[PDB]
file run_25.cif (mmCIF, C-alpha atoms and all ligand atoms)
data_entry
loop_
_atom_site.label_atom_id
_atom_site.label_comp_id
_atom_site.auth_asym_id
_atom_site.auth_seq_id
_atom_site.Cartn_x
_atom_site.Cartn_y
_atom_site.Cartn_z
CA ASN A 5 -10.76 -22.37 5.13
CA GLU A 6 -9.62 -19.90 7.75
CA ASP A 7 -8.55 -16.94 5.59
CA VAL A 8 -6.30 -15.69 8.42
CA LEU A 9 -4.54 -18.32 10.52
CA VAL A 10 -4.11 -17.21 14.15
CA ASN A 11 -1.94 -18.58 16.93
CA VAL A 12 0.25 -17.47 19.79
CA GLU A 13 3.63 -19.09 20.17
CA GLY A 14 6.68 -18.06 22.22
CA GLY A 15 4.88 -14.93 23.28
CA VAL A 16 4.37 -13.93 19.63
CA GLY A 17 0.92 -13.32 18.19
CA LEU A 18 0.99 -14.89 14.72
CA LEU A 19 -1.21 -13.63 11.92
CA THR A 20 -0.82 -15.64 8.72
CA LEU A 21 -2.76 -14.41 5.70
CA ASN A 22 -4.19 -17.60 4.14
CA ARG A 23 -5.66 -17.32 0.66
CA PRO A 24 -2.56 -18.50 -1.18
CA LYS A 25 -4.35 -19.30 -4.47
CA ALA A 26 -5.21 -15.51 -4.56
CA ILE A 27 -1.72 -14.50 -3.29
CA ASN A 28 -3.42 -13.74 -0.01
CA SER A 29 -5.57 -10.86 -1.32
CA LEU A 30 -7.50 -9.20 1.57
CA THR A 31 -11.19 -9.65 2.21
CA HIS A 32 -13.23 -7.64 4.66
CA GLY A 33 -13.24 -10.70 6.91
CA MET A 34 -9.46 -10.90 6.98
CA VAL A 35 -9.20 -7.20 7.88
CA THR A 36 -11.66 -7.60 10.77
CA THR A 37 -9.86 -10.72 12.08
CA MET A 38 -6.52 -8.88 12.13
CA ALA A 39 -8.06 -5.85 13.79
CA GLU A 40 -9.81 -7.83 16.48
CA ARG A 41 -6.67 -9.84 17.33
CA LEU A 42 -4.51 -6.72 17.50
CA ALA A 43 -7.07 -5.24 19.89
CA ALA A 44 -7.27 -8.39 22.02
CA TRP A 45 -3.51 -8.81 22.24
CA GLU A 46 -2.68 -5.16 22.92
CA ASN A 47 -3.07 -5.37 26.73
CA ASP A 48 -2.40 -9.09 27.08
CA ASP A 49 0.91 -9.61 28.89
CA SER A 50 1.36 -13.08 27.44
CA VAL A 51 1.84 -11.49 23.95
CA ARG A 52 5.10 -9.58 23.57
CA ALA A 53 5.04 -9.02 19.81
CA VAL A 54 3.01 -9.66 16.64
CA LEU A 55 4.30 -11.33 13.43
CA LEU A 56 2.50 -11.01 10.11
CA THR A 57 3.28 -13.50 7.34
CA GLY A 58 1.49 -14.93 4.27
CA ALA A 59 0.89 -18.53 3.31
CA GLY A 60 2.51 -20.01 0.21
CA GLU A 61 5.62 -18.96 -1.63
CA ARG A 62 4.71 -16.09 -4.02
CA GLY A 63 4.14 -13.21 -1.63
CA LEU A 64 2.76 -11.77 1.56
CA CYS A 65 -0.24 -10.12 -0.16
CA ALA A 66 -1.05 -8.96 -3.71
CA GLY A 67 -3.68 -6.43 -2.61
CA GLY A 68 -7.24 -6.04 -1.47
CA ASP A 69 -9.72 -8.35 -3.24
CA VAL A 70 -10.51 -6.24 -6.35
CA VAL A 71 -13.52 -8.33 -7.46
CA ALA A 72 -15.42 -7.28 -4.34
CA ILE A 73 -14.65 -3.56 -4.85
CA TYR A 74 -15.78 -3.93 -8.46
CA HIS A 75 -19.11 -5.49 -7.51
CA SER A 76 -19.66 -2.79 -4.88
CA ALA A 77 -18.82 0.11 -7.21
CA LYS A 78 -21.39 -1.22 -9.70
CA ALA A 79 -23.95 -1.32 -6.83
CA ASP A 80 -24.24 1.45 -4.21
CA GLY A 81 -20.63 1.33 -2.84
CA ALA A 82 -21.67 0.24 0.68
CA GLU A 83 -19.28 -2.72 1.09
CA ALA A 84 -16.38 -0.86 -0.42
CA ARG A 85 -16.84 2.04 1.99
CA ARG A 86 -17.24 -0.21 4.99
CA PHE A 87 -14.22 -2.28 3.93
CA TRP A 88 -12.07 0.85 3.58
CA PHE A 89 -13.39 2.25 6.87
CA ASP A 90 -12.28 -0.89 8.75
CA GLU A 91 -9.10 -1.35 6.69
CA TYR A 92 -7.84 2.19 7.18
CA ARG A 93 -8.54 1.97 10.89
CA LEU A 94 -6.47 -1.23 10.95
CA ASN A 95 -3.65 0.50 8.97
CA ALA A 96 -3.59 3.31 11.56
CA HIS A 97 -3.63 0.91 14.45
CA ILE A 98 -0.62 -1.00 13.11
CA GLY A 99 1.08 2.37 12.71
CA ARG A 100 0.46 3.29 16.41
CA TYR A 101 0.80 -0.19 17.82
CA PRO A 102 2.68 -0.17 21.14
CA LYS A 103 4.21 -3.70 20.82
CA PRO A 104 6.74 -4.89 18.17
CA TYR A 105 4.90 -5.68 14.92
CA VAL A 106 7.08 -7.66 12.55
CA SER A 107 5.96 -7.90 8.92
CA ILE A 108 7.40 -10.37 6.43
CA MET A 109 7.01 -8.51 3.16
CA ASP A 110 8.41 -11.34 1.05
CA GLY A 111 7.62 -11.77 -2.62
CA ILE A 112 4.65 -9.93 -4.11
CA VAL A 113 3.50 -7.14 -1.74
CA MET A 114 1.14 -4.62 -3.41
CA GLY A 115 -1.63 -2.15 -2.49
CA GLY A 116 -3.43 -3.50 0.54
CA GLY A 117 -0.42 -5.74 1.25
CA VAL A 118 1.64 -2.58 1.71
CA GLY A 119 -1.11 -1.38 4.04
CA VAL A 120 -0.81 -4.37 6.40
CA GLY A 121 3.01 -4.65 6.19
CA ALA A 122 4.61 -1.25 5.71
CA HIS A 123 3.21 0.56 8.73
CA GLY A 124 4.81 -2.02 11.08
CA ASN A 125 7.82 -1.29 13.22
CA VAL A 126 9.95 -4.25 12.24
CA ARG A 127 9.50 -4.40 8.47
CA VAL A 128 11.38 -7.18 6.70
CA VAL A 129 11.89 -7.52 2.94
CA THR A 130 13.76 -10.19 1.02
CA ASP A 131 15.53 -10.84 -2.26
CA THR A 132 12.19 -11.81 -3.89
CA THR A 133 10.25 -8.75 -2.73
CA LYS A 134 8.25 -7.10 -5.56
CA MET A 135 6.52 -4.14 -3.92
CA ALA A 136 4.20 -1.69 -5.60
CA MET A 137 1.36 0.79 -5.33
CA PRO A 138 -0.21 0.03 -8.74
CA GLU A 139 -3.58 1.71 -8.16
CA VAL A 140 -3.45 4.12 -11.12
CA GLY A 141 -3.48 1.12 -13.44
CA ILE A 142 -7.05 0.35 -12.35
CA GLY A 143 -8.27 3.94 -12.16
CA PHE A 144 -7.70 4.12 -8.40
CA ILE A 145 -5.36 6.12 -6.13
CA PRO A 146 -2.83 4.66 -3.64
CA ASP A 147 -4.56 4.21 -0.30
CA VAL A 148 -4.01 2.25 2.92
CA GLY A 149 -1.67 4.98 4.13
CA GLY A 150 0.42 4.65 1.01
CA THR A 151 0.31 8.42 0.40
CA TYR A 152 1.82 8.93 3.89
CA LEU A 153 4.66 6.53 2.94
CA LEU A 154 5.08 7.80 -0.63
CA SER A 155 5.27 11.46 0.46
CA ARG A 156 8.10 10.53 2.93
CA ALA A 157 10.33 8.73 0.38
CA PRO A 158 13.59 10.46 -0.61
CA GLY A 159 13.45 13.06 -3.35
CA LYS A 160 10.66 12.39 -5.84
CA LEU A 161 11.05 8.60 -5.62
CA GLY A 162 7.55 8.41 -4.12
CA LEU A 163 5.95 10.21 -7.09
CA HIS A 164 7.75 7.91 -9.47
CA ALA A 165 6.45 4.83 -7.68
CA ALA A 166 2.91 6.33 -7.45
CA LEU A 167 2.57 7.52 -11.08
CA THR A 168 4.25 4.59 -12.79
CA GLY A 169 2.68 2.09 -10.40
CA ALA A 170 5.73 -0.07 -11.15
CA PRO A 171 7.18 -2.64 -8.77
CA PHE A 172 10.37 -2.01 -6.79
CA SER A 173 12.74 -4.35 -4.89
CA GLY A 174 13.38 -5.03 -1.22
CA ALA A 175 16.47 -2.81 -1.30
CA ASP A 176 14.41 -0.07 -2.99
CA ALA A 177 11.73 -0.46 -0.30
CA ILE A 178 14.29 0.16 2.44
CA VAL A 179 15.59 3.24 0.57
CA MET A 180 12.03 4.57 0.23
CA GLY A 181 11.15 4.08 3.91
CA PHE A 182 8.68 1.24 3.28
CA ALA A 183 10.84 -1.31 5.15
CA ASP A 184 13.68 -1.58 7.66
CA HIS A 185 15.58 -4.92 7.30
CA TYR A 186 16.66 -7.34 4.54
CA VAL A 187 16.64 -11.14 4.99
CA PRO A 188 17.10 -13.56 1.99
CA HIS A 189 13.93 -15.60 1.17
CA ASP A 190 15.44 -18.99 2.13
CA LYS A 191 16.24 -17.64 5.59
CA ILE A 192 12.72 -16.23 6.36
CA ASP A 193 11.77 -19.50 7.76
CA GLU A 194 14.85 -19.60 10.04
CA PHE A 195 14.24 -15.93 10.81
CA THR A 196 10.61 -16.44 11.66
CA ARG A 197 11.47 -19.46 13.85
CA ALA A 198 14.10 -17.30 15.65
CA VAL A 199 11.60 -14.47 16.38
CA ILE A 200 9.42 -17.03 18.07
CA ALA A 201 12.27 -18.78 19.93
CA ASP A 202 14.87 -16.06 20.65
CA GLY A 203 13.07 -12.72 19.99
CA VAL A 204 13.24 -9.97 17.36
CA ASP A 205 16.63 -8.52 18.13
CA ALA A 206 18.32 -11.97 18.26
CA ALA A 207 16.58 -13.04 15.05
CA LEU A 208 17.72 -9.90 13.27
CA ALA A 209 21.28 -10.11 14.53
CA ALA A 210 21.43 -13.71 13.27
CA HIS A 211 19.65 -13.45 9.86
CA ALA A 212 19.46 -9.83 8.58
CA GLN A 213 22.04 -8.74 5.98
CA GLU A 214 23.17 -5.60 4.19
CA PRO A 215 20.76 -5.09 1.30
CA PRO A 216 22.08 -5.15 -2.21
CA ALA A 217 22.31 -2.08 -4.39
CA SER A 218 18.98 -0.25 -4.89
CA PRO A 219 18.34 0.38 -8.59
CA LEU A 220 15.79 2.99 -7.63
CA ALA A 221 18.41 4.92 -5.63
CA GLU A 222 20.65 4.93 -8.69
CA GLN A 223 17.80 6.48 -10.77
CA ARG A 224 17.26 9.35 -8.33
CA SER A 225 19.04 11.95 -10.45
CA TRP A 226 16.58 11.79 -13.39
CA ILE A 227 13.58 11.07 -11.15
CA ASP A 228 14.25 14.26 -9.16
CA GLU A 229 14.91 16.12 -12.45
CA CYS A 230 11.72 15.07 -14.13
CA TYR A 231 9.13 14.70 -11.38
CA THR A 232 9.25 18.33 -10.19
CA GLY A 233 6.72 19.38 -12.84
CA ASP A 234 3.46 21.06 -11.80
CA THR A 235 1.25 18.60 -13.71
CA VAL A 236 1.41 14.98 -14.78
CA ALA A 237 1.66 16.19 -18.40
CA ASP A 238 4.68 18.34 -17.37
CA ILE A 239 6.30 15.26 -15.81
CA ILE A 240 5.75 13.07 -18.88
CA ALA A 241 7.22 15.85 -21.12
CA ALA A 242 10.30 16.10 -18.94
CA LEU A 243 10.83 12.32 -18.85
CA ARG A 244 10.61 12.29 -22.66
CA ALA A 245 12.86 15.27 -23.05
CA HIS A 246 15.59 13.69 -20.82
CA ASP A 247 15.99 11.32 -23.77
CA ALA A 248 17.29 8.21 -21.99
CA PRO A 249 15.91 4.70 -21.75
CA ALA A 250 14.84 4.47 -18.07
CA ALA A 251 13.03 7.84 -18.18
CA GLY A 252 11.37 6.89 -21.52
CA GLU A 253 10.21 3.63 -20.00
CA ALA A 254 8.70 5.54 -17.09
CA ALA A 255 6.92 7.89 -19.47
CA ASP A 256 5.57 5.01 -21.54
CA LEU A 257 4.21 3.30 -18.40
CA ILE A 258 2.59 6.46 -17.03
CA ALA A 259 0.96 7.09 -20.36
CA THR A 260 -0.98 3.81 -20.01
CA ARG A 261 -2.53 4.84 -16.68
CA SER A 262 -5.84 6.50 -15.96
CA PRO A 263 -5.54 10.29 -16.58
CA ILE A 264 -7.87 11.23 -13.72
CA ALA A 265 -6.26 8.71 -11.33
CA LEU A 266 -2.76 9.99 -12.22
CA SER A 267 -3.89 13.57 -11.61
CA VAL A 268 -5.53 12.79 -8.29
CA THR A 269 -2.48 10.72 -7.26
CA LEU A 270 -0.12 13.61 -7.91
CA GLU A 271 -2.34 15.94 -5.88
CA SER A 272 -2.77 13.36 -3.09
CA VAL A 273 0.95 12.85 -2.59
CA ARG A 274 1.59 16.59 -2.61
CA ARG A 275 -1.17 17.22 -0.04
CA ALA A 276 -0.02 14.25 2.10
CA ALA A 277 3.45 15.72 2.29
CA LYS A 278 1.89 18.55 4.40
CA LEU A 279 0.17 16.22 6.87
CA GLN A 280 2.04 15.02 9.95
CA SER A 281 -0.55 12.43 11.08
CA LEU A 282 -1.15 8.94 9.63
CA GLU A 283 -4.80 9.31 10.70
CA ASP A 284 -5.21 12.67 8.94
CA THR A 285 -3.66 11.20 5.81
CA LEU A 286 -6.00 8.21 5.86
CA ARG A 287 -8.94 10.63 6.24
CA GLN A 288 -7.91 12.25 2.96
CA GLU A 289 -7.40 8.90 1.30
CA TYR A 290 -10.88 7.82 2.40
CA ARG A 291 -12.48 10.88 0.71
CA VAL A 292 -10.51 10.03 -2.45
CA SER A 293 -11.48 6.33 -2.40
CA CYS A 294 -15.14 7.21 -1.79
CA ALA A 295 -15.06 9.64 -4.72
CA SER A 296 -13.44 7.00 -6.95
CA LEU A 297 -16.47 4.72 -6.41
CA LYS A 298 -18.55 7.18 -8.47
CA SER A 299 -15.98 7.24 -11.30
CA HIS A 300 -16.01 5.68 -14.75
CA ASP A 301 -12.35 4.75 -14.50
CA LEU A 302 -12.46 2.65 -11.32
CA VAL A 303 -15.01 0.27 -12.89
CA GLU A 304 -13.35 0.31 -16.32
CA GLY A 305 -9.89 -0.17 -14.76
CA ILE A 306 -10.82 -3.15 -12.66
CA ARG A 307 -12.94 -4.62 -15.51
CA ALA A 308 -9.97 -4.52 -17.86
CA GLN A 309 -7.75 -6.27 -15.28
CA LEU A 310 -10.30 -9.07 -14.85
CA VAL A 311 -11.38 -9.46 -18.50
CA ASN A 316 -6.71 -2.37 -22.49
CA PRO A 317 -8.92 -0.02 -20.41
CA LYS A 318 -10.67 2.84 -22.25
CA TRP A 319 -10.20 5.68 -19.86
CA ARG A 320 -12.61 8.60 -19.64
CA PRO A 321 -11.35 11.32 -19.71
CA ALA A 322 -9.06 9.76 -22.27
CA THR A 323 -6.31 12.40 -22.05
CA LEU A 324 -4.68 14.49 -19.34
CA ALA A 325 -5.57 17.64 -21.27
CA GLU A 326 -9.28 16.90 -20.58
CA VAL A 327 -8.74 16.73 -16.78
CA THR A 328 -9.80 20.04 -15.17
CA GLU A 329 -8.80 21.36 -11.79
CA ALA A 330 -12.41 20.88 -10.61
CA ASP A 331 -12.33 17.24 -11.75
CA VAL A 332 -9.33 16.66 -9.41
CA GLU A 333 -10.78 18.76 -6.61
CA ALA A 334 -13.97 16.65 -6.66
CA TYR A 335 -12.02 13.68 -5.24
CA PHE A 336 -11.18 15.63 -2.08
CA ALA A 337 -14.76 16.56 -1.19
CA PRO A 338 -16.01 15.97 2.36
CA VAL A 339 -17.98 12.81 2.97
CA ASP A 340 -20.43 11.87 5.73
CA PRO A 341 -19.40 10.15 7.86
CA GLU A 342 -15.77 11.06 7.60
CA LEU A 343 -13.26 8.34 8.56
CA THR A 344 -12.90 8.33 12.38
CA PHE A 345 -10.57 6.38 14.70
CA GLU A 346 -12.29 6.26 18.02
CA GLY A 347 -13.06 2.94 19.86
CA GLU A 348 -9.47 2.20 20.92
CL CL B 401 -2.62 2.38 19.87
ZN ZN B 402 9.96 -20.10 0.06
ZN ZN B 403 -19.34 -10.32 -5.70
ZN ZN B 404 -18.30 -6.30 4.58
ZN ZN B 405 -3.96 0.58 20.32
ZN ZN B 406 13.97 -21.37 5.34
#

call {"tool": "encode", "arguments": {"input": "run_25.cif", "output": "structure tokens"}}
result
Amino acid sequence: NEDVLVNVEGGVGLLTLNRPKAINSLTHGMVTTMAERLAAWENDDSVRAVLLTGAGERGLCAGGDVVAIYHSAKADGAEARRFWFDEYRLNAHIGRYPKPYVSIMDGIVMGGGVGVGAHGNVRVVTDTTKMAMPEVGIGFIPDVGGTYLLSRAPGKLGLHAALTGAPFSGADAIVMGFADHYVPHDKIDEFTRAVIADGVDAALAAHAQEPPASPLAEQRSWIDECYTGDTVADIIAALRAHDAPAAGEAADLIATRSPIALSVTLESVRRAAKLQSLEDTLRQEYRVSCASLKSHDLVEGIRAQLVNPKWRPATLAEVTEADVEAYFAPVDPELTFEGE
């Protein structure tokens, strides 16, 4: 099997993620294929644009392959670090890319799938889009430039998405700055065909629609009320005190997540909000990911997903400021972006 299908048609470089039985989860091989093709096509005049899609019907991409990260974290972390090094460089390159990069973020789009789709410049979601950064549920922290996107969402919507790790819709994704355009699922095929035949602007004019109401946008009042707290424990207390079902549901979900991952996530998004550069943000995320490889909760979190995680530390009250600060320590080598 070719885990990424590659072709050029109508002047469009086509990248189709192709592990549909795994909802197209990303391997290191898939990342390097994408990266090499983006590099090869960048100065090739026969390629006017790039289009990223996923095979099958359930989603563009459910994430990075978590089994491989798990096996690496139990070993010496070498593959995980190399994977993230190459992946984050790819994320940055999509972010800078000079040619139109159209991503079809249909169906399930989570974690690493956000990384390959949501830094594009023509970002399409649909009525089946279920997008999330669910990292705290496995003892991890949103990466792949997710902290850059989360910190740029309106209000505190980004913190809500990051701490709950809950999915949000296509319309929500547009509100949060993770996507640009809305096309119903049973027009993606016509839309994709039109990009290839008539170009991006014609395809959009012909198939894009006004998104429906964003439920996340309607929740902004209590999100902004409750997520201004200094600590995750402050946030949970406020959500409970607001005494309404949607806030309570958020609190309940947060309370299932890794305490250390939640704490590092809150700090990451707050620090990312002060960084202008996608590259600088990814450098921070790389330190955090590297640190997470040495953690109890990353292994426990992924284990539980594969096989009720028992987090350690078990409570937010046991998380110290030094525990959080440890995730932001320098590493050697730092993530670098040269070789363009
Ligand atoms: Cl570039
Ligand atoms: Zn379909
Ligand atoms: Zn393995
Ligand atoms: Zn590798
Ligand atoms: Zn470039
Ligand atoms: Zn169709």

call {"tool": "residues_near_ligand", "arguments": {"input": "run_25.cif", "ligand": "ligand ZN 405 (chain B)", "cutoff": "7 Å", "atoms": "only C-alpha atoms and all ligand atoms", "output": "short mmCIF file (atom, residue, chain, number, x, y, z; two decimals) with C-alpha atoms, in the frame of the given file"}}
result
data_model
loop_
_atom_site.label_atom_id
_atom_site.label_comp_id
_atom_site.auth_asym_id
_atom_site.auth_seq_id
_atom_site.Cartn_x
_atom_site.Cartn_y
_atom_site.Cartn_z
CA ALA A 43 -7.07 -5.24 19.89
CA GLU A 46 -2.68 -5.16 22.92
CA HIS A 97 -3.63 0.91 14.45
CA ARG A 100 0.46 3.29 16.41
CA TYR A 101 0.80 -0.19 17.82
CA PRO A 102 2.68 -0.17 21.14
CA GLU A 348 -9.47 2.20 20.92
#

call {"tool": "closest_residue", "arguments": {"input": "run_25.cif", "among": "A:125, A:235, A:76, A:328", "to": "residue 274 (chain A)", "atoms": "only C-alpha atoms"}}
result
A:235

call {"tool": "closest_atom_pairs", "arguments": {"input": "run_25.cif", "of": "region 55-110 of chain A", "to": "region 163-181 of chain A", "cutoff": "12 Å", "atoms": "all atoms listed in the file", "output": "JSON lines"}}
result
{"residue": "A:66", "atom": "CA", "partner": "A:171", "partner_atom": "CA", "distance": 11.5}
{"residue": "A:108", "atom": "CA", "partner": "A:174", "partner_atom": "CA", "distance": 11.1}
{"residue": "A:109", "atom": "CA", "partner": "A:174", "partner_atom": "CA", "distance": 8.5}
{"residue": "A:110", "atom": "CA", "partner": "A:174", "partner_atom": "CA", "distance": 8.3}

call {"tool": "write_last_selection", "arguments": {"input": "run_25.cif", "atoms": "C-alpha atoms", "output": "PDB file, in the frame of the given file"}}
result
ATOM      1  CA  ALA A  66      -1.050  -8.960  -3.710  1.00  0.00           C
ATOM      2  CA  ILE A 108       7.400 -10.370   6.430  1.00  0.00           C
ATOM      3  CA  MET A 109       7.010  -8.510   3.160  1.00  0.00           C
ATOM      4  CA  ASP A 110       8.410 -11.340   1.050  1.00  0.00           C
TER       5      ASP A 110
END

call {"tool": "closest_residue", "arguments": {"input": "run_25.cif", "among": "A:334, A:71, A:192, A:84", "to": "ligand ZN 404 (chain B)", "atoms": "only C-alpha atoms and all ligand atoms"}}
result
A:84

call {"tool": "closest_residue", "arguments": {"input": "run_25.cif", "among": "A:44, A:30, A:236, A:339", "to": "ligand CL 401 (chain B)", "atoms": "only C-alpha atoms and all ligand atoms"}}
result
A:44

call {"tool": "atom_distance", "arguments": {"input": "run_25.cif", "atom1": "CA of residue 117 (chain A)", "atom2": "CA of residue 91 (chain A)"}}
result
11.1 Å

call {"tool": "closest_residue", "arguments": {"input": "run_25.cif", "among": "A:131, A:228, A:83, A:222", "to": "residue 188 (chain A)", "atoms": "only C-alpha atoms"}}
result
A:131

call {"tool": "residues_near_ligand", "arguments": {"input": "run_25.cif", "ligand": "ligand ZN 402 (chain B)", "cutoff": "8 Å", "atoms": "only C-alpha atoms and all ligand atoms", "output": "JSON, numbers by chain"}}
result
{"A": [60, 61, 62, 189, 190, 192, 193]}

call {"tool": "closest_residue", "arguments": {"input": "run_25.cif", "among": "A:221, A:145, A:96, A:327", "to": "ligand CL 401 (chain B)", "atoms": "only C-alpha atoms and all ligand atoms"}}
result
A:96

call {"tool": "residues_near_ligand", "arguments": {"input": "run_25.cif", "ligand": "ligand ZN 403 (chain B)", "cutoff": "12 Å", "atoms": "all atoms listed in the file", "output": "number ranges by chain"}}
result
A: 31, 69-79, 83-84

call {"tool": "closest_atom_pairs", "arguments": {"input": "run_25.cif", "of": "chain A", "to": "ligand ZN 404 (chain B)", "cutoff": "7 Å", "atoms": "all atoms listed in the file", "output": "CSV"}}
result
residue,atom,partner,partner_atom,distance
A:32,CA,B:ZN404,ZN,5.2
A:83,CA,B:ZN404,ZN,5.1
A:86,CA,B:ZN404,ZN,6.2
A:87,CA,B:ZN404,ZN,5.8

call {"tool": "residues_around", "arguments": {"input": "run_25.cif", "residues": "residue 52 (chain A)", "least_positions_apart": "4", "cutoff": "8 Å", "atoms": "all atoms listed in the file", "output": "ChimeraX atom specification"}}
result
/A:15-17,103-104

call {"tool": "residues_around", "arguments": {"input": "run_25.cif", "residues": "residue 137 (chain A)", "least_positions_apart": "5", "cutoff": "6 Å", "atoms": "only C-alpha atoms", "output": "ChimeraX atom specification"}}
result
/A:114-115,146,169

call {"tool": "residues_near_point", "arguments": {"input": "run_25.cif", "point": "(-3.0, 9.2, 12.6)", "cutoff": "8 Å", "atoms": "only C-alpha atoms", "output": "ChimeraX atom specification"}}
result
/A:96,99-100,281-286

call {"tool": "atom_distance", "arguments": {"input": "run_25.cif", "atom1": "CA of residue 90 (chain A)", "atom2": "CA of residue 68 (chain A)"}}
result
12.5 Å

call {"tool": "atom_distance", "arguments": {"input": "run_25.cif", "atom1": "CA of residue 134 (chain A)", "atom2": "CA of residue 18 (chain A)"}}
result
22.9 Å

call {"tool": "closest_residue", "arguments": {"input": "run_25.cif", "among": "A:56, A:257, A:80, A:116", "to": "residue 128 (chain A)", "atoms": "only C-alpha atoms"}}
result
A:56

call {"tool": "closest_atom_pairs", "arguments": {"input": "run_25.cif", "of": "region 138-178 of chain A", "to": "region 318-321 of chain A", "cutoff": "12 Å", "atoms": "all atoms listed in the file", "output": "JSON lines"}}
result
{"residue": "A:140", "atom": "CA", "partner": "A:319", "partner_atom": "CA", "distance": 11.2}
{"residue": "A:141", "atom": "CA", "partner": "A:319", "partner_atom": "CA", "distance": 10.4}
{"residue": "A:142", "atom": "CA", "partner": "A:319", "partner_atom": "CA", "distance": 9.7}
{"residue": "A:143", "atom": "CA", "partner": "A:319", "partner_atom": "CA", "distance": 8.1}
{"residue": "A:144", "atom": "CA", "partner": "A:319", "partner_atom": "CA", "distance": 11.8}

call {"tool": "residues_around", "arguments": {"input": "run_25.cif", "residues": "residue 38 (chain A)", "least_positions_apart": "5", "cutoff": "9 Å", "atoms": "all atoms listed in the file", "output": "list in words"}}
result
residues 8, 10, 19, 33, 43 and 94 of chain A
